[PDB]
């Protein structure tokens, strides 16, 4: 189904299942009609790959996301957290949060009444909340190009319903369900980065 696992009480997110779940997200970018999204997809997919690579060297040692941060802090010393899977996940979480905010905004019925069949307001909001603070104007220009090329809302919701024979209402209900464990998970990852002093503010 690709619903994320429920958050456990102890909030320790298992790495493997996490990676398996988020790996289903990049394919949704393909359904969009442009190479102009390939930068945002590639980034998320690239960071997933980096984390999986570290995890696969020792799944036991890296069983949870917290384990990754703990182990790599120990391993890399003062270079940490600008290293390894910690750094990849630092960026991944921002792309995941973008998706979260974008989907939640759409589900919540946020829109520009002048352009109700566009998703520019939702993408902008998501971009400003998740990614913009971490991008210089070169990269922001790359992201605007994807904004202006965003699909129509109706076409976007069609792309998500490629399951199928589903109204836009029903589609949105499925998205709201996905958002529950997804949001919780991303929030927990953010909370972890802050707690572990793993968050960096440098721009790319």
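Numbering follows the first chain given and starts at 1.
Asks: Would 184-192 or 20-28 have the larger average of its C-alpha temperature factors, as given in the entry?
Replies: That would be 20-28.
Asks: Which wins on mean Cα temperature factor, 141-149 or 159-167?
Replies: Looking at the recorded C-alpha B-factors, 159-167 comes out higher on average.
Asks: Lowest, middle or highest third: which one holds residue 178 when the chain's residues are ordered by CA B-factor from the entry?
Replies: Its C-alpha B-factor belongs to the lowest third of this chain's values.
Asks: By the recorded C-alpha temperature factor, relative to the other modelled residues in its chain, which third is residue 51 in?
Replies: As the PDB entry reports it, the C-alpha B-factor of residue 51 lands in the middle third of its chain.
Asks: Can you work out whether the C-alpha temperature factor of residue 65 puts it in the lowest, middle or highest third of the chain?
Replies: Lowest third - that is where residue 65 ends up once the chain's C-alpha B-factors are sorted.
Asks: Using the B-factors in the PDB entry, rank residue 74's C-alpha atom against the chain and give the third, lowest, middle or highest.
Replies: Top third by C-alpha B-factor.
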